[PDB]
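The structure under discussion appears below in the form of structure tokens.
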Amino acid sequence: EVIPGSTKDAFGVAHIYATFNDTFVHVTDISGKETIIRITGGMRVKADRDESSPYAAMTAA
RNA sequence: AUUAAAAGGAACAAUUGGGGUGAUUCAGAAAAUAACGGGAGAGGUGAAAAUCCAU
């Protein structure tokens, strides 16, 4: 049925921190002390030069 | 022993001054620590490597 801990339509905040050497997609709650899922551009690539590629950003997003 | 220099100095009235000295006072970036979430990467480069990470 429902995923444990999940609720109905709610609000989150995404902390998109994208440098020239990597990119971060990080969503938390309204408080900001609880993180839901944090995926970076380096987890969806193999080489170190593509972590900043726009392709890795959408894949993580 | 002349006058009162678009020479100079002094005085006064109004101001100007990130001019100087002392005290007071505000800011948050960076970094450090404390606690919590998360769970595999992070830095850095032309590409990497050395380095940091399951303590």
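Note that each Cβ is placed from the backbone with ideal geometry, even for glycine, and that neighbours are counted across all protein chains shown. Values in this text are rule-based calculations from the coordinates and carry no lab data.
Could you pull out the GluC sites (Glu not before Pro) across chain A that fall in loop regions by DSSP (anything but H, G, I, E, B) with no more than 12 other Cβ atoms inside 10 Å?
Those satisfying the criteria are A:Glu1, A:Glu34.
Computed over the Cα atoms of chain A, what is the ratio Rg over Rh, Rh following Kirkwood?
Ratio of gyration radius to Kirkwood radius: 1.08.
In chain A, what chymotrypsin sites (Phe, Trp or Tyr not before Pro) fall in a loop by DSSP, with at most 11 other Cβ atoms inside 10 Å?
A:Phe11, A:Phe20
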